[PDB]
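K.L.:
This is the structure I have questions about; it appears just below.
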Protein chains: 2
Amino acid sequence: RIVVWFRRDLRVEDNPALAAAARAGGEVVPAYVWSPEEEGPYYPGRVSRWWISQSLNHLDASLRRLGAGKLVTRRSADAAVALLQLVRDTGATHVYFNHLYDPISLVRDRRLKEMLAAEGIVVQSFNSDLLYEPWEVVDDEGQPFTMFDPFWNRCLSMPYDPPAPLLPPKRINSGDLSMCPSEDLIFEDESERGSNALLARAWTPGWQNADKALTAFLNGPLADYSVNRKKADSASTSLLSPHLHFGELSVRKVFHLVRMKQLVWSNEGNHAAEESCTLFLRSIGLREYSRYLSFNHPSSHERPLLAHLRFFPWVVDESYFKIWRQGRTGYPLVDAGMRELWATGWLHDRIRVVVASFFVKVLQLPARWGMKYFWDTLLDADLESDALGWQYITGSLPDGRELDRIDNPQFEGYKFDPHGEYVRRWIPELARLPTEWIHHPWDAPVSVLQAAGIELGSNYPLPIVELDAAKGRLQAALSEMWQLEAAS
Amino acid sequence: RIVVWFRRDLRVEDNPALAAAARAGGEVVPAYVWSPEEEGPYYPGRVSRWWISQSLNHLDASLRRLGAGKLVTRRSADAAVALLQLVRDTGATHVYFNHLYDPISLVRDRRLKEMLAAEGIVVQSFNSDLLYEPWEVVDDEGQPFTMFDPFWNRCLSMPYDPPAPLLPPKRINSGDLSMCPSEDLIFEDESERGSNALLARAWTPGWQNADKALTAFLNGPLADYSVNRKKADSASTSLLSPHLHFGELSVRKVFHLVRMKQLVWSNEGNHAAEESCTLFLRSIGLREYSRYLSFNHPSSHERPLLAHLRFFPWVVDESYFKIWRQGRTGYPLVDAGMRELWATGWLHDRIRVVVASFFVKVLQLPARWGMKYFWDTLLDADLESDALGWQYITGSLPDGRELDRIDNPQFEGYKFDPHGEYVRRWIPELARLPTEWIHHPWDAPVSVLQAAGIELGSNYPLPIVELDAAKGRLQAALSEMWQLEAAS
Ligand SMILES: Cc1cc2nc3c(=O)[nH]c(=O)nc-3n(C[C@H](O)[C@H](O)[C@H](O)COP(=O)(O)OP(=O)(O)OC[C@H]3O[C@@H](n4cnc5c(N)ncnc54)[C@H](O)[C@@H]3O)c2cc1C
Ligand SMILES: Cc1cc2nc3c(=O)[nH]c(=O)nc-3n(C[C@H](O)[C@H](O)[C@H](O)COP(=O)(O)OP(=O)(O)OC[C@H]3O[C@@H](n4cnc5c(N)ncnc54)[C@H](O)[C@@H]3O)c2cc1C
């Protein structure tokens, strides 16, 4: 009677589509269709595909234990085609899904509403990803916000709270789907299966593991988040991002659970933990703002993503891109993160800032290139969140980070790795190199680098581009961009 | 502006009156009116009066951290006269509270609404005690239930889940309270304050401690509630009893958290633990049924509580009552539990029936007598739930226990205390008595009693009333009454 279409909500708690299909009375057919060709350039990358293959298997058993035959797995190049074969094949009255906010889904999914409503299907879409809908939060003239601070300040002062997380169905009734077939989905090249499976050393995809990681963070490093959130040398953050990208966890549960921890800590005098919750919710609000930006000010053609860097003369150099991917740049904080991104599919947010800032400030390679690599290597590769991050580090946002400027690697090192233990964990070659030079080995005297057993150029690479050359080329590239910009 | 009248909702999370008042955007003056005169024969007990005063200081402290000036306290024989007087002193506009369901408050609250409306006061009441309101769960012809099982299975198949718990106010503001005065309430007589304080050996009243107790049960004995809920030789139940009576913990939060614990365990193959939450929610539902029976079938005069034994020949013997009070009855399980009741103001459910079944079926004293003792010595002294519990053991309603019948103590012991460790702990005199006789020492050979250093009559009392002489008396008292029954 009702189809529940899964997309990026691979959970069973607080899933309004599935919870309303079950409470309608009739049967519920839960299904997922793999239509990546519809995603154009944003076709899910290598390691994100490896997550879905485990997340779906994991969500299958969850569904089956609640009284389902299966999760129907359909394959297509058009989602409507596969979806309305299923409404026919499995003969339903309704199609329920929770609506997304990326520019691809926003118009593909309104082509589905009409396509399906022309063959008599009733369609309803629900909120599964945001505390507040993007249209629900505006300024005093009713307009979208343009910076993050006024926007998040509004959500924190909204006249109602984010809806409480719904319970899962008591059980779901699917009927006999012994008839209905499921297409064996292919997510992994045979050639890559053996290295993709090593991602499980660090991660376990699934609604169940997302829930255990949240109560692990809530009862652990959340109390110190106020003071440690920027450090990459301890597990200072929640490690929930891939779980949240695929919707395996409610953000409305996280909001509600964290607000309860705050009330208790406030009654215990734990003032530093109370601010920890304030700051961690802000990080949850940055995910809200990523959707708010892609909905209210989408990529257009009149003005694209990185539109302020149109006439920026990028260095085109595949050699440099190869050194960056391999973490052989010779900048230890960058190399350390590029090694961990390849090995685990994840990076602390500030190491993301470092590796991406280095990409467009020192090597000054097309940001597209690095945006694509991120898409193939991140387990939490998220359309709106990746766009917001690259927009932030390149200075397309007014909120964003300054354009005409390069970070001193010691500034990065002292903030995200003060004792150098992040570099030493991922680059053991430099273990015996003192903290004083571990983030800029090129500046150390030969005696100090010989004591550390480091030969810059054989044991560990030389700086592929020197800072002073990078800054000189950055001013020459921006002046080139600014004389060009006025010429229009 | 708004005045939040606290009664039996001593908590900040999922307090709809408080949440609604805070969300109005005005000012929120919290207050407690002490009017025990309005409860007549249900004047709050001795140890319940101690818990309240502990809980109020706890709640006042947490209110002030939220920004309130204080918790306003008023002493008057009539609630309304005090509630009116308060909003006169404050210039308030509204009076919010959460409605109760005992036959006293249902009528006193209702008159307050009309009385306060007349004087120009906006008044609204909210549900905070129950999963569903009683007038929502009816049979298929729309009439109230009369047995527990059909009621609870309708609550469990109800078309909508019980409302998820509300968030506490992020802040409350009340303005200037320096003229708004509060008169210190007196809950304890000076000569009993010391003896009362020792209740803190076993209980710390307060919503925070209710929260911590719930977290402790969920991560602890809840998994083993299916096989151990009857045992009293260990901490097998939640011990959330007095917290839930004073509304220190939202039952709706308990429901949602347990239901979600059920889902994770089911998915983990932990069937026993899954089964355990089923029974634990049933115990929550018994508290729902407690308000159902008092809302639908209240008792005053034509069928007052225990009307069926109107015609019972009660043994009016104040000597036997005192021996029951002091746990000197010679029945260990009875004496053990009677000590703990006086010691810690709490008793396990099954021990609540052992000392109660014994009070009316062995000593056969007025059930109204042992009712007033429970009222004075139970911290979780609850009008509706005490009503249900007595009706259960006396057989006053079809769900109840069989009347002409007396539990063999070894039956009780084997279900509630397999190794006799419960009474060894509360009656260390019997510590050396082997388990076989520990629940019936009078049937032991003198050689065994002396080997344990027991001498019935001097070391540990002789059974004040024998069982044979009591079921005999039971027949002679029941047919004398059925003879009186069919004679009118
Ligand atoms: C260049 C760049 C690329 C990024 N790409 C991604 C991406 O593909 N996917 C992604 O989820 N995040 C991305 N981010 C944001 C941020 O780096 C990650 O959210 C964070 O590192 C995930 O780790 P965590 O779960 O421990 O975060 P926590 O600190 O534990 O935060 C909790 C949750 O808040 C959300 N969140 C936190 N920071 C941000 C942020 N800046 N923007 C949006 N949501 C946020 C995430 O859902 C995260 O799981 C990117 C940032 C930059 C600068
Ligand atoms: C004679 C008699 C008198 C009672 N008097 C009271 C009383 O004054 N106050 C009171 O709250 N309960 C009363 N009960 C019910 C029961 O004994 C207690 O609720 C329970 O033993 C308290 O332990 P717990 O909180 O660990 O229960 P749990 O096993 O943890 O149960 C969870 C909660 O469900 C509720 N509950 C469980 N069983 C019952 C029940 N049979 N009836 C009503 N609610 C129930 C309680 O709120 C309890 O805290 C009485 C029972 C009897 C037989």
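K.L.:
Hull surface divided by four, with the convex hull built on the Cα atoms of segment B:391-488: how many nm²?
P.N.:
Mean projected area for segment B:391-488: 8.0 nm², to one decimal.
K.L.:
What is the set of long-range amide H partners of residue A:75 at a cut-off below 5 Å, with H atoms built 1.01 Å from backbone N?
P.N.:
The answer is A:34, A:183.
K.L.:
Further question: Run down the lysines and flag those whose C-alpha is under 21 Å from the C-alpha of residue A:231, throwing out any fewer than 8 positions away in its chain.
P.N.:
Within reach: A:415.
K.L.:
If you don't mind, another one. In terms of Cα to Cα distance under 18 Å, which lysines are near enough to residue A:170, apart from those fewer than 8 places away along the same chain?
P.N.:
A:70, B:253, B:261
K.L.:
Whose amide H sits under 5 Å from the amide H of residue A:126, counting only residues 5 or more places off or on another chain, with H placed in the peptide plane?
P.N.:
A:97, A:98, A:99
K.L.:
Please name whichever of A:15, A:157, A:422 sits farthest to the positive end of the charge dipole of chain A, dipole taken about the Cα centre and charges placed at Cβ: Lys and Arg +1, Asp and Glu -1.
P.N.:
Final value for the positive-end residue is A:15.
K.L.:
Between rounded, prolate and oblate, where does segment A:138-200 land on the alpha carbon gyration tensor, with a ≥ b ≥ c its root eigenvalues, rounded for a/c under 1.5, else prolate if a/b exceeds b/c?
P.N.:
oblate
K.L.:
Could you give the angle, 0 to 90 degrees to the nearest 10, between helix A:467-486's Cα long axis and the longest principal axis of the Cα atoms of chain A?
P.N.:
Roughly 60 degrees, rounded to the nearest 10.
K.L.:
Place the peptides A:111-117, B:118-124 in order of packing, highest mean first, counting for every residue the other Cβ atoms within 10 Å and averaging per peptide.
P.N.:
A:111-117, B:118-124
K.L.:
For segment A:298-485, restrict the atom set to alpha-carbon positions and state the Rg and Dmax in Å.
P.N.:
Looking at segment A:298-485, its Cα Rg and Dmax stand at 16.8, 57 Å.
K.L.:
List the relative contact order of segment B:298-485 as a percent without decimals, with contacts defined as Cα pairs under 8 Å and 6+ residues apart. Kindly include the intermediate steps, with their values, before the conclusion.
P.N.:
Numbers: 194 pairs, mean separation 50.8, N = 188.
About 27 percent, as a whole number.
K.L.:
For segment B:96-106, just list the computed ³J(HN,Hα) in residue order, Karplus coefficients 6.51, -1.76 and 1.60, θ = phi - 60°, integers in Hz, with x standing in for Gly and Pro.
P.N.:
Along segment B:96-106, the couplings run 9, 7, 10, 7, 9, 10, 4, x, 6, 6, 3 Hz.
K.L.:
From the phi of every residue in segment A:12-27, what ³J(HN,Hα) in whole Hz does the Karplus formula 6.51 cos²θ - 1.76 cosθ + 1.60 yield, where θ is phi - 60° and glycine or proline is x?
P.N.:
My calculation for segment A:12-27 gives 10, 8, 6, 10, x, 4, 5, 6, 8, 4, 5, 8, 6, x, x, 7 Hz in order.
K.L.:
Now for a separate question. Across peptide A:260-267, how many C-beta atoms of other chains are within 10 Å of each residue C-beta, on average?
P.N.:
Values: counts 6, 0, 2, 12, 7, 0, 5, 10.
What the average comes to for A:260-267 is 5.
K.L.:
If you fit an axis through the alpha-carbon atoms of helix A:46-65 and take the longest principal axis of the Cα set of chain A, what angle between them do you get, 0 to 90°, nearest 10?
P.N.:
So the inclination is approximately 30 degrees.
K.L.:
When Rg is the radius of gyration of the Cα atoms in the protein assembly as shown and Rh is its Kirkwood radius, what does Rg/Rh come to?
P.N.:
Rg/Rh: 1.05.
K.L.:
Something else: Using only Cα atoms, locate the centre of segment A:206-251 and the centre of segment A:143-193, then give the distance between them in Å, rounded to an integer.
P.N.:
When both Cα centres are located, 18 Å separates them.
K.L.:
Calculate the FRET efficiency for residue B:119 and residue B:307 from the Cβ-Cβ distance with a Förster distance of 35 Å, rounded to the nearest 0.05. All intermediate terms of the calculation are to be shown ahead of the outcome.
P.N.:
Details: r = 39 Å, r/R0 = 1.12.
About 0.35, to the nearest 0.05.
K.L.:
In nm, give the distance between the simple-model label positions of residue B:81 and residue A:133, each being 7 Å from the Cα along the Cα-to-Cβ direction.
P.N.:
It works out to 5.3 nm between the two label points.
K.L.:
So, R0 is 45 Å and r is the distance between the beta-carbons of residue B:403 and residue B:450; what FRET efficiency does that work out to, to 0.05? Don't skip to the answer; put the middle values down first.
P.N.:
Numbers: r = 39 Å, r/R0 = 0.87.
With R0 = 45 Å, the Cβ-Cβ based efficiency is 0.70.
K.L.:
Taking every residue in A:161-168, how many Cβ atoms of other protein chains lie within 10 Å of its Cβ, on average?
P.N.:
Shielding by partners across A:161-168 averages 4.
K.L.:
Sort A:470-478, A:67-75, B:28-36 for me by packing, meaning the mean count of neighbouring Cβ atoms within 10 Å per residue, highest on top.
P.N.:
Ranking, from highest mean packing down: B:28-36, A:67-75, A:470-478.
K.L.:
If you average over every viewing direction, what projected area does the convex hull of the Cα atoms of chain B give, in nm²?
P.N.:
Values: hull surface 104.2 nm².
That works out to 26.1 nm², a quarter of the Cα hull's surface.
K.L.:
Take the alpha carbon gyration tensor of segment A:346-393, find the square roots of its eigenvalues, order them as a ≥ b ≥ c, and report rounded if a/c is under 1.5; if not, report prolate when a/b exceeds b/c, else oblate.
P.N.:
prolate
K.L.:
Okay, next question. For labels at residue A:342 and residue A:486 in the simple 7 Å Cα→Cβ model, what's the distance in nm?
P.N.:
Simple spin-label model gives 4.4 nm for this pair.
K.L.:
Which whole-angstrom value gives the distance between the alpha carbon centres of segment B:428-488 and segment B:14-28?
P.N.:
Centre-to-centre (Cα) distance: 57 Å.
K.L.:
Another question about this same structure. Could you grab the relative contact order for chain B? Cα pairs under 8 Å, six or more apart, rounded to a whole percent. If you can, show how the numbers build up before the last one.
P.N.:
Values: 693 pairs, mean separation 83.9, N = 488.
Relative contact order here is 17 percent.
K.L.:
Right, something else. Determine the sum of side-chain charges near residue B:393: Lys and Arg each +1, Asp and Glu each -1, restricted to other residues whose C-beta is under 9 angstrom from that of residue B:393.
P.N.:
Charge balance in the 9 Å sphere: +3.
K.L.:
Would you list which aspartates and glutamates come within 20 Å of residue B:113, measuring only between C-alpha atoms, while excluding same-chain residues fewer than 8 positions from it?
P.N.:
Correct list for residue B:113: B:9, B:37, B:38, B:39, B:78, B:89, B:102, B:129, B:133.
K.L.:
If you don't mind, there's one more thing I want to ask. If you count, for each residue, the other Cβ atoms within 10 Å and average over each peptide, how do B:231-237, A:142-148 line up from highest to lowest?
P.N.:
Highest mean packing first, the order is B:231-237, A:142-148.
K.L.:
While we're here: Between beta-carbons, use under 13 Å as the cut-off and find the net charge around residue A:51, counting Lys and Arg +1, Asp and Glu -1.
P.N.:
Taking every other residue near residue A:51 into account, the sum is -2.
K.L.:
If you don't mind, another one. How high is the FRET efficiency from residue A:471 to residue A:318, r the C-beta distance, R0 25 Å, rounded to 0.05?
P.N.:
According to the calculation, E is roughly 0.60.
Note that each Cβ is placed from the backbone with ideal geometry, even for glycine, and that neighbours are counted across all protein chains shown. Read-outs: derived from the displayed coordinates by stated rules, not from any lab.
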